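A single chain, nothing else alongside it, follows as structure tokens in the form deposited in one PDB entry.
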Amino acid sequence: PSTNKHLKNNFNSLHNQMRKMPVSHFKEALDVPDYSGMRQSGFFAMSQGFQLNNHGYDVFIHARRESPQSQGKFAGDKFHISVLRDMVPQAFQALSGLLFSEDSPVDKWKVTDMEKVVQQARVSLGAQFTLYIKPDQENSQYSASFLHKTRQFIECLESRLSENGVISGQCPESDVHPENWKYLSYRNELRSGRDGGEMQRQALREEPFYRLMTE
């Protein structure tokens, strides 16, 4: 019994429920830091109910909702966002309304502090944002309405970035994405395996969470 077993046995039901739901609306927040503001979070800062920090021993600014909306145990599902290195601040600002939204399905996320990482390293070239996804229900099963909201949210991120003319970054080797995601990619370290390369990606693509996000 597990998050994935539920997705597998309810694969068509979840998809069918999702595709019939009306468009999600996310009320964007305005009183949020810009990218430099984010970097300056230091030991602790607060914005729109998300706890922020940029500790000296790490290279990401972390954001976590004080009162999480998902009650389930993390099942490994996460998204990266990859944009052109020089465009990370612009991209953060463009997405900040959504990422701090009272309506966001993402309780926890982080953005790389570009100043702390070497310009030629892959960490600078892509995956500068991470979004952690957690099953919404206490029994650690995803509900159809939560899956829909997560998918709508990710697609809103894609449209905001493209509408702002943000240039895509370099997607991590370990991630997968469909042709219509220019910035978003999916990873699950719990289900990817020991083989790396093409084999990890093929395994990711068969993941019901990923198929529900993309088909």
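Between two forms, the rigid core is defined as the largest C-alpha subset superposing within 1.5 Å. Note that residue numbering begins at 1 and tracks the sequence as displayed.
The following text describes the form deposited in another entry, which does not appear among the structures shown.
**Student:** Once you overlay the rigid core, does the Cα of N139 travel 2 Å or further between this form and the one not shown?
**Tutor:** Superposed on the core, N139 moves its C-alpha less than 2 Å between this form and the one not shown.
**Student:** Given a core-based superposition, decide whether the C-alpha of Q200 shifts by 2 Å or more between this form and the one not shown.
**Tutor:** False for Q200: its C-alpha shift is below 2 Å.
**Student:** Would you mind telling me if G196 and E173 are closer or farther apart in the other entry than in the shown form, C-alpha to C-alpha, with a 3 Å or larger change?
**Tutor:** Their C-alpha distance shrinks by at least 3 Å in the other entry.
**Student:** Compared with this form, is the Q119-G165 Cα separation smaller or larger in the other entry, the difference being 3 Å or more?
**Tutor:** Residues separate in the other entry, at least 3 Å farther apart.
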